[PDB]
>>> print(open('coords_25.cif').read())   # mmCIF, N, CA and C atoms and all ligand atoms
data_input
#
loop_
_atom_site.label_atom_id
_atom_site.label_comp_id
_atom_site.auth_asym_id
_atom_site.auth_seq_id
_atom_site.Cartn_x
_atom_site.Cartn_y
_atom_site.Cartn_z
N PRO P 1 106.07 84.82 113.77
CA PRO P 1 106.99 85.11 114.89
C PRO P 1 107.05 86.63 115.25
N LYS P 2 107.35 87.47 114.26
CA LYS P 2 107.19 88.89 114.40
C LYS P 2 105.74 89.30 114.06
N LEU P 3 104.93 88.39 113.54
CA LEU P 3 103.49 88.60 113.50
C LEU P 3 102.93 88.57 114.93
N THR P 4 103.24 87.51 115.66
CA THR P 4 102.86 87.42 117.06
C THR P 4 103.37 88.62 117.89
N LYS P 5 104.65 88.97 117.73
CA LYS P 5 105.26 90.15 118.37
C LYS P 5 104.46 91.43 118.00
N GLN P 6 104.18 91.59 116.72
CA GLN P 6 103.40 92.74 116.31
C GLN P 6 102.04 92.81 116.97
N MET P 7 101.34 91.69 117.03
CA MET P 7 99.97 91.66 117.54
C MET P 7 99.94 91.97 119.03
N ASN P 8 100.91 91.42 119.76
CA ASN P 8 100.97 91.74 121.19
C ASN P 8 101.32 93.17 121.42
N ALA P 9 102.18 93.71 120.55
CA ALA P 9 102.58 95.09 120.72
C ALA P 9 101.39 95.98 120.41
N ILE P 10 100.66 95.68 119.33
CA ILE P 10 99.48 96.44 119.00
C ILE P 10 98.41 96.37 120.13
N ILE P 11 98.06 95.15 120.57
CA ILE P 11 97.03 95.01 121.59
C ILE P 11 97.45 95.63 122.94
N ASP P 12 98.72 95.50 123.29
CA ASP P 12 99.25 96.12 124.52
C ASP P 12 99.19 97.65 124.51
N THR P 13 99.39 98.30 123.35
CA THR P 13 99.19 99.76 123.20
C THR P 13 97.73 100.15 123.43
N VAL P 14 96.79 99.35 122.89
CA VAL P 14 95.38 99.59 123.17
C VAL P 14 95.01 99.41 124.67
N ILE P 15 95.47 98.32 125.27
CA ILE P 15 95.10 97.96 126.63
C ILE P 15 95.62 99.00 127.62
N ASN P 16 96.84 99.46 127.37
CA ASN P 16 97.57 100.31 128.29
C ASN P 16 97.29 101.77 128.12
N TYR P 17 96.61 102.16 127.04
CA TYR P 17 96.34 103.54 126.77
C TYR P 17 95.49 104.22 127.84
N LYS P 18 95.90 105.45 128.14
CA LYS P 18 95.30 106.28 129.17
C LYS P 18 94.96 107.61 128.54
N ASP P 19 93.82 108.16 128.91
CA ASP P 19 93.46 109.46 128.42
C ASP P 19 94.29 110.53 129.21
N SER P 20 94.02 111.81 128.95
CA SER P 20 94.80 112.92 129.54
C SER P 20 94.55 112.98 131.05
N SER P 21 93.45 112.38 131.52
CA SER P 21 93.17 112.27 132.96
C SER P 21 93.95 111.17 133.68
N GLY P 22 94.67 110.31 132.95
CA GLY P 22 95.28 109.13 133.51
C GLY P 22 94.40 107.88 133.55
N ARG P 23 93.17 107.92 133.03
CA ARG P 23 92.29 106.74 133.12
C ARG P 23 92.54 105.72 131.99
N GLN P 24 92.73 104.47 132.38
CA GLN P 24 92.94 103.36 131.42
C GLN P 24 91.62 102.95 130.79
N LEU P 25 91.42 103.35 129.55
CA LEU P 25 90.10 103.20 128.97
C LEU P 25 89.74 101.73 128.76
N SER P 26 90.73 100.88 128.60
CA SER P 26 90.41 99.46 128.34
C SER P 26 89.79 98.71 129.52
N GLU P 27 89.91 99.24 130.76
CA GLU P 27 89.53 98.48 131.96
C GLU P 27 88.25 97.67 131.82
N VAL P 28 87.17 98.33 131.41
CA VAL P 28 85.84 97.76 131.32
C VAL P 28 85.78 96.65 130.23
N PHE P 29 86.71 96.68 129.28
CA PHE P 29 86.62 95.79 128.11
C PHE P 29 87.51 94.54 128.24
N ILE P 30 88.27 94.43 129.35
CA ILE P 30 89.23 93.32 129.51
C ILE P 30 88.50 92.00 129.61
N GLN P 31 87.46 91.95 130.42
CA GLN P 31 86.73 90.75 130.59
C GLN P 31 85.25 91.05 130.73
N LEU P 32 84.44 90.50 129.85
CA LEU P 32 83.02 90.65 129.95
C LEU P 32 82.47 90.18 131.28
N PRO P 33 81.31 90.73 131.68
CA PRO P 33 80.55 90.05 132.71
C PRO P 33 80.04 88.73 132.18
N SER P 34 79.94 87.75 133.07
CA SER P 34 79.30 86.49 132.72
C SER P 34 77.78 86.66 132.49
N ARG P 35 77.21 85.63 131.87
CA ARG P 35 75.78 85.57 131.57
C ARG P 35 74.89 85.94 132.76
N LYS P 36 75.33 85.60 133.97
CA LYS P 36 74.47 85.70 135.15
C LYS P 36 74.17 87.12 135.67
N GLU P 37 75.20 87.94 135.88
CA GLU P 37 74.96 89.29 136.41
C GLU P 37 74.30 90.12 135.33
N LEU P 38 74.64 89.81 134.08
CA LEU P 38 74.22 90.63 132.95
C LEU P 38 73.64 89.78 131.80
N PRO P 39 72.37 89.36 131.96
CA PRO P 39 71.70 88.50 130.99
C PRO P 39 71.26 89.25 129.75
N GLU P 40 71.02 90.55 129.92
CA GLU P 40 70.51 91.42 128.87
C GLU P 40 71.58 91.63 127.76
N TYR P 41 72.87 91.60 128.15
CA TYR P 41 74.00 91.76 127.20
C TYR P 41 74.03 90.63 126.18
N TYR P 42 73.92 89.39 126.66
CA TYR P 42 74.06 88.22 125.81
C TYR P 42 72.83 87.94 124.95
N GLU P 43 71.68 88.48 125.35
CA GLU P 43 70.50 88.41 124.50
C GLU P 43 70.57 89.41 123.35
N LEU P 44 71.08 90.63 123.59
CA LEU P 44 71.21 91.63 122.52
C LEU P 44 72.47 91.42 121.69
N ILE P 45 73.56 91.00 122.30
CA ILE P 45 74.83 90.89 121.59
C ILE P 45 75.10 89.49 121.06
N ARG P 46 75.23 89.37 119.75
CA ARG P 46 75.26 88.05 119.11
C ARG P 46 76.64 87.39 119.18
N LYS P 47 77.71 88.19 119.18
CA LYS P 47 79.07 87.66 119.22
C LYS P 47 79.92 88.42 120.24
N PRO P 48 79.79 88.07 121.52
CA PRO P 48 80.49 88.82 122.53
C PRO P 48 81.96 88.56 122.40
N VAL P 49 82.76 89.56 122.72
CA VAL P 49 84.19 89.38 122.80
C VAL P 49 84.83 90.38 123.79
N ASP P 50 85.98 90.02 124.38
CA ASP P 50 86.71 90.89 125.29
C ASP P 50 88.20 90.78 124.99
N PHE P 51 89.00 91.67 125.53
CA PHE P 51 90.40 91.64 125.27
C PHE P 51 91.12 90.41 125.81
N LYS P 52 90.66 89.85 126.91
CA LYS P 52 91.18 88.51 127.30
C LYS P 52 91.03 87.48 126.20
N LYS P 53 89.85 87.43 125.58
CA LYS P 53 89.64 86.51 124.47
C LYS P 53 90.53 86.85 123.30
N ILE P 54 90.69 88.13 122.99
CA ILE P 54 91.58 88.53 121.87
C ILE P 54 93.04 88.11 122.18
N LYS P 55 93.47 88.29 123.44
CA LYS P 55 94.79 87.86 123.86
C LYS P 55 94.95 86.34 123.75
N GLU P 56 93.92 85.59 124.13
CA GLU P 56 93.89 84.13 123.93
C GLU P 56 94.07 83.76 122.44
N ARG P 57 93.28 84.36 121.56
CA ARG P 57 93.44 84.15 120.14
C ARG P 57 94.85 84.52 119.55
N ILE P 58 95.51 85.57 120.05
CA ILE P 58 96.87 85.86 119.63
C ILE P 58 97.83 84.74 120.11
N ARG P 59 97.76 84.43 121.40
CA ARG P 59 98.66 83.45 122.06
C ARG P 59 98.56 82.08 121.41
N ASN P 60 97.33 81.64 121.10
CA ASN P 60 97.08 80.38 120.48
C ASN P 60 97.15 80.39 118.96
N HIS P 61 97.61 81.51 118.42
CA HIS P 61 98.01 81.61 117.03
C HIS P 61 96.78 81.54 116.12
N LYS P 62 95.64 82.11 116.53
CA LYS P 62 94.39 81.92 115.77
C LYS P 62 94.21 83.01 114.72
N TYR P 63 94.95 84.11 114.86
CA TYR P 63 94.86 85.21 113.89
C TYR P 63 95.90 85.03 112.76
N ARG P 64 95.44 84.98 111.52
CA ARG P 64 96.28 84.69 110.38
C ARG P 64 96.97 85.96 109.87
N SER P 65 96.34 87.12 110.11
CA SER P 65 96.88 88.41 109.73
C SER P 65 96.49 89.47 110.74
N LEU P 66 97.03 90.66 110.53
CA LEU P 66 96.61 91.82 111.30
C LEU P 66 95.16 92.22 111.04
N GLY P 67 94.73 92.04 109.80
CA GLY P 67 93.31 92.14 109.45
C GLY P 67 92.37 91.25 110.26
N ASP P 68 92.77 90.03 110.58
CA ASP P 68 91.88 89.15 111.35
C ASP P 68 91.80 89.65 112.79
N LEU P 69 92.92 90.15 113.31
CA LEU P 69 92.93 90.76 114.63
C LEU P 69 92.07 92.02 114.66
N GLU P 70 92.18 92.84 113.61
CA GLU P 70 91.45 94.07 113.56
C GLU P 70 89.97 93.79 113.56
N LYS P 71 89.56 92.75 112.83
CA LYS P 71 88.15 92.39 112.83
C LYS P 71 87.58 92.11 114.23
N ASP P 72 88.32 91.44 115.08
CA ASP P 72 87.86 91.20 116.44
C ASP P 72 87.89 92.45 117.31
N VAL P 73 88.92 93.29 117.14
CA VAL P 73 88.96 94.55 117.89
C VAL P 73 87.74 95.45 117.44
N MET P 74 87.44 95.53 116.15
CA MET P 74 86.30 96.29 115.66
C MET P 74 84.97 95.74 116.11
N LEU P 75 84.86 94.40 116.20
CA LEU P 75 83.71 93.80 116.85
C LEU P 75 83.51 94.15 118.32
N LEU P 76 84.55 94.04 119.14
CA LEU P 76 84.54 94.48 120.53
C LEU P 76 83.94 95.89 120.65
N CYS P 77 84.48 96.83 119.85
CA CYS P 77 84.05 98.22 119.91
C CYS P 77 82.63 98.37 119.40
N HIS P 78 82.31 97.69 118.30
CA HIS P 78 80.96 97.68 117.81
C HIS P 78 79.94 97.16 118.83
N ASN P 79 80.29 96.06 119.52
CA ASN P 79 79.38 95.52 120.56
C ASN P 79 79.14 96.53 121.67
N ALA P 80 80.20 97.18 122.10
CA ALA P 80 80.10 98.21 123.10
C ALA P 80 79.18 99.37 122.70
N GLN P 81 79.31 99.81 121.44
CA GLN P 81 78.46 100.87 120.89
C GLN P 81 77.03 100.39 120.64
N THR P 82 76.80 99.09 120.41
CA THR P 82 75.43 98.53 120.33
C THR P 82 74.79 98.49 121.70
N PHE P 83 75.49 97.94 122.69
CA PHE P 83 74.89 97.79 124.03
C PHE P 83 74.72 99.09 124.82
N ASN P 84 75.67 100.01 124.70
CA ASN P 84 75.64 101.22 125.53
C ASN P 84 75.07 102.43 124.79
N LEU P 85 74.55 103.41 125.51
CA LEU P 85 73.95 104.59 124.85
C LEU P 85 75.03 105.43 124.15
N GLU P 86 74.68 106.00 123.01
CA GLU P 86 75.51 107.00 122.39
C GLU P 86 75.75 108.14 123.37
N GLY P 87 77.01 108.54 123.48
CA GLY P 87 77.43 109.55 124.43
C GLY P 87 77.75 109.07 125.83
N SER P 88 77.48 107.80 126.16
CA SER P 88 77.84 107.27 127.49
C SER P 88 79.34 107.08 127.52
N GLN P 89 79.90 106.92 128.72
CA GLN P 89 81.34 106.84 128.87
C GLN P 89 81.90 105.61 128.14
N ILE P 90 81.21 104.48 128.26
CA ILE P 90 81.64 103.23 127.68
C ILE P 90 81.58 103.29 126.14
N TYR P 91 80.50 103.87 125.60
CA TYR P 91 80.36 104.06 124.15
C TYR P 91 81.52 104.91 123.63
N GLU P 92 81.76 106.03 124.29
CA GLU P 92 82.77 107.01 123.83
C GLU P 92 84.21 106.48 123.99
N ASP P 93 84.41 105.66 125.02
CA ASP P 93 85.73 105.05 125.24
C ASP P 93 86.03 104.09 124.11
N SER P 94 85.04 103.33 123.71
CA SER P 94 85.22 102.35 122.60
C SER P 94 85.58 103.03 121.29
N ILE P 95 85.05 104.24 121.07
CA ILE P 95 85.40 105.02 119.87
C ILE P 95 86.89 105.35 119.87
N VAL P 96 87.40 105.79 121.01
CA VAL P 96 88.79 106.20 121.14
C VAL P 96 89.67 104.97 121.02
N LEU P 97 89.25 103.87 121.64
CA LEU P 97 90.06 102.63 121.52
C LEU P 97 90.20 102.13 120.07
N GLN P 98 89.14 102.26 119.25
CA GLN P 98 89.16 101.93 117.80
C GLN P 98 90.28 102.70 117.13
N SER P 99 90.25 104.02 117.33
CA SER P 99 91.29 104.89 116.82
C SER P 99 92.72 104.61 117.40
N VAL P 100 92.84 104.33 118.69
CA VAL P 100 94.10 103.80 119.24
C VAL P 100 94.64 102.55 118.56
N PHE P 101 93.79 101.53 118.35
CA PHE P 101 94.17 100.39 117.56
C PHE P 101 94.66 100.76 116.15
N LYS P 102 93.92 101.55 115.42
CA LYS P 102 94.36 101.88 114.07
C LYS P 102 95.71 102.59 114.05
N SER P 103 95.89 103.60 114.91
CA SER P 103 97.19 104.28 115.00
C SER P 103 98.29 103.34 115.43
N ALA P 104 98.02 102.45 116.39
CA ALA P 104 99.07 101.52 116.81
C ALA P 104 99.46 100.56 115.69
N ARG P 105 98.46 100.04 114.97
CA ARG P 105 98.74 99.23 113.85
C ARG P 105 99.56 99.96 112.77
N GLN P 106 99.28 101.24 112.53
CA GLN P 106 100.02 102.01 111.51
C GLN P 106 101.45 102.29 111.95
N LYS P 107 101.60 102.64 113.22
CA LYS P 107 102.90 102.88 113.83
C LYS P 107 103.76 101.63 113.85
N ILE P 108 103.15 100.49 114.18
CA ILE P 108 103.92 99.26 114.48
C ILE P 108 104.18 98.42 113.23
N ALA P 109 103.17 98.22 112.40
CA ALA P 109 103.28 97.32 111.27
C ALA P 109 102.53 97.95 110.11
N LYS P 110 103.06 99.08 109.65
CA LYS P 110 102.43 99.94 108.65
C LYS P 110 101.77 99.16 107.49
ZN ZN S 1 102.73 79.49 120.98
#
>>> encode(input="coords_25.cif", output="structure tokens", more="lines below")
Ligand SMILES: [Zn+2]
Amino acid sequence: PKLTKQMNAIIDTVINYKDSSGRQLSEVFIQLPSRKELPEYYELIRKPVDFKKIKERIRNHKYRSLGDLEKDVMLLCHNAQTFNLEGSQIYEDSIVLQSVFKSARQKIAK
């Protein structure tokens, strides 16, 4: 009950986070492109995930702990760093989002 509350609070801090420029870094990660526009993603990436899917898993009670949630958030970021070039905007945003998740988790449910 407060597990669900915690998870939404943690994921909402990640989703809503903005850099010093005002840009919402999560935008690109909310929903993957489908197989059609981007076929190359699904051939290289073995376990695709997006924040909509993570939100679905929280809502439907699929995460047993904060650790299980963290595993999916770390996968999202890892997939982004696999698909995109080191130093690209998307790669670097995923790095910051990893760290946003960890801080939010420490702040919210130490
Ligand atoms: Zn429910």
>>> closest_residue(input="coords_25.cif", among="P:67, P:92, P:75, P:59", to="ligand ZN 1 (chain S)", atoms="all atoms listed in the file")
P:59
>>> residues_near_point(input="coords_25.cif", point="(79.9, 101.4, 124.8)", cutoff="6.5 Å", atoms="all atoms listed in the file", output="list in words")
residues 79, 80, 81, 82, 83, 84, 85, 88, 89, 90, 91, 92, 93 and 94 of chain P
>>> residues_near_ligand(input="coords_25.cif", ligand="ligand ZN 1 (chain S)", cutoff="8 Å", atoms="only N, CA and C atoms and all ligand atoms", output="number ranges by chain")
P: 58-61
>>> closest_residue(input="coords_25.cif", among="P:76, P:95, P:49, P:54", to="residue 11 (chain P)", atoms="only C-alpha atoms")
P:54
>>> residues_around(input="coords_25.cif", residues="residue 65 (chain P)", least_positions_apart="6", cutoff="12 Å", atoms="only C-alpha atoms", output="ChimeraX atom specification")
/P:1-4,6-7,57-58,71-72,105,109
>>> write_last_selection(input="coords_25.cif", atoms="N, CA and C atoms", output="CSV table (one decimal), in the frame of the given file")
chain,number,residue,atom,x,y,z
P,1,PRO,N,106.1,84.8,113.8
P,1,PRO,CA,107.0,85.1,114.9
P,1,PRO,C,107.0,86.6,115.2
P,2,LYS,N,107.4,87.5,114.3
P,2,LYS,CA,107.2,88.9,114.4
P,2,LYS,C,105.7,89.3,114.1
P,3,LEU,N,104.9,88.4,113.5
P,3,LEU,CA,103.5,88.6,113.5
P,3,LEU,C,102.9,88.6,114.9
P,4,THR,N,103.2,87.5,115.7
P,4,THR,CA,102.9,87.4,117.1
P,4,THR,C,103.4,88.6,117.9
P,6,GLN,N,104.2,91.6,116.7
P,6,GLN,CA,103.4,92.7,116.3
P,6,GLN,C,102.0,92.8,117.0
P,7,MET,N,101.3,91.7,117.0
P,7,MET,CA,100.0,91.7,117.5
P,7,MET,C,99.9,92.0,119.0
P,57,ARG,N,93.3,84.4,121.6
P,57,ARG,CA,93.4,84.2,120.1
P,57,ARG,C,94.8,84.5,119.6
P,58,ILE,N,95.5,85.6,120.0
P,58,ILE,CA,96.9,85.9,119.6
P,58,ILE,C,97.8,84.7,120.1
P,71,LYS,N,89.6,92.8,112.8
P,71,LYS,CA,88.2,92.4,112.8
P,71,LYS,C,87.6,92.1,114.2
P,72,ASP,N,88.3,91.4,115.1
P,72,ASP,CA,87.9,91.2,116.4
P,72,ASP,C,87.9,92.4,117.3
P,105,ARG,N,98.5,100.0,115.0
P,105,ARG,CA,98.7,99.2,113.8
P,105,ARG,C,99.6,100.0,112.8
P,109,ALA,N,103.2,98.2,112.4
P,109,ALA,CA,103.3,97.3,111.3
P,109,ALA,C,102.5,98.0,110.1
>>> atom_distance(input="coords_25.cif", atom1="atom N of residue 77 (chain P)", atom2="atom N of residue 101 (chain P)")
10.5 Å
>>> residues_around(input="coords_25.cif", residues="region 15-31 of chain P", least_positions_apart="2", cutoff="5 Å", atoms="all atoms listed in the file", output="list in words")
residues 11, 12, 13, 33, 50, 51 and 52 of chain P
>>> closest_residue(input="coords_25.cif", among="P:48, P:100, P:40, P:34", to="residue 14 (chain P)", atoms="only N, CA and C atoms")
P:100
>>> atom_distance(input="coords_25.cif", atom1="atom N of residue 99 (chain P)", atom2="atom C of residue 69 (chain P)")
12.4 Å
>>> residues_around(input="coords_25.cif", residues="residue 102 (chain P)", least_positions_apart="5", cutoff="9 Å", atoms="only C-alpha atoms", output="list in words")
residues 10, 70, 97 and 107 of chain P
>>> atom_distance(input="coords_25.cif", atom1="atom C of residue 55 (chain P)", atom2="CA of residue 106 (chain P)")
20.5 Å
>>> select_by_dssp(input="coords_25.cif", residues="chain P", states="alpha helix (DSSP H)", output="count of residues only")
68
>>> build_atoms(input="coords_25.cif", residues="region 84-98 of chain P", atoms="N, CA, C and O atoms", output="tab-separated table (two decimals), keeping the file's coordinate frame")
chain	number	residue	atom	x	y	z
P	84	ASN	N	75.67	100.01	124.70
P	84	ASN	CA	75.64	101.22	125.53
P	84	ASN	C	75.07	102.43	124.79
P	84	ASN	O	75.14	102.49	123.56
P	85	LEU	N	74.55	103.41	125.51
P	85	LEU	CA	73.95	104.59	124.85
P	85	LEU	C	75.03	105.43	124.15
P	85	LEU	O	76.15	105.60	124.67
P	86	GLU	N	74.68	106.00	123.01
P	86	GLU	CA	75.51	107.00	122.39
P	86	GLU	C	75.75	108.14	123.37
P	86	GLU	O	74.82	108.62	124.04
P	87	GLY	N	77.01	108.54	123.48
P	87	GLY	CA	77.43	109.55	124.43
P	87	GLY	C	77.75	109.07	125.83
P	87	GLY	O	78.25	109.85	126.65
P	88	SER	N	77.48	107.80	126.16
P	88	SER	CA	77.84	107.27	127.49
P	88	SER	C	79.34	107.08	127.52
P	88	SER	O	80.01	107.06	126.45
P	89	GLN	N	79.90	106.92	128.72
P	89	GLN	CA	81.34	106.84	128.87
P	89	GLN	C	81.90	105.61	128.14
P	89	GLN	O	82.90	105.72	127.43
P	90	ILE	N	81.21	104.48	128.26
P	90	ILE	CA	81.64	103.23	127.68
P	90	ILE	C	81.58	103.29	126.14
P	90	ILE	O	82.49	102.83	125.47
P	91	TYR	N	80.50	103.87	125.60
P	91	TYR	CA	80.36	104.06	124.15
P	91	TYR	C	81.52	104.91	123.63
P	91	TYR	O	82.20	104.53	122.64
P	92	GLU	N	81.76	106.03	124.29
P	92	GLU	CA	82.77	107.01	123.83
P	92	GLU	C	84.21	106.48	123.99
P	92	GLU	O	85.13	106.81	123.21
P	93	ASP	N	84.41	105.66	125.02
P	93	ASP	CA	85.73	105.05	125.24
P	93	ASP	C	86.03	104.09	124.11
P	93	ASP	O	87.14	104.03	123.65
P	94	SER	N	85.04	103.33	123.71
P	94	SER	CA	85.22	102.35	122.60
P	94	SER	C	85.58	103.03	121.29
P	94	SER	O	86.36	102.50	120.51
P	95	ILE	N	85.05	104.24	121.07
P	95	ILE	CA	85.40	105.02	119.87
P	95	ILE	C	86.89	105.35	119.87
P	95	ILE	O	87.59	105.18	118.88
P	96	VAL	N	87.40	105.79	121.01
P	96	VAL	CA	88.79	106.20	121.14
P	96	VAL	C	89.67	104.97	121.02
P	96	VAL	O	90.75	104.97	120.40
P	97	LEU	N	89.25	103.87	121.64
P	97	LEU	CA	90.06	102.63	121.52
P	97	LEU	C	90.20	102.13	120.07
P	97	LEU	O	91.26	101.63	119.72
P	98	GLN	N	89.14	102.26	119.25
P	98	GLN	CA	89.16	101.93	117.80
P	98	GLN	C	90.28	102.70	117.13
P	98	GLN	O	91.12	102.14	116.45
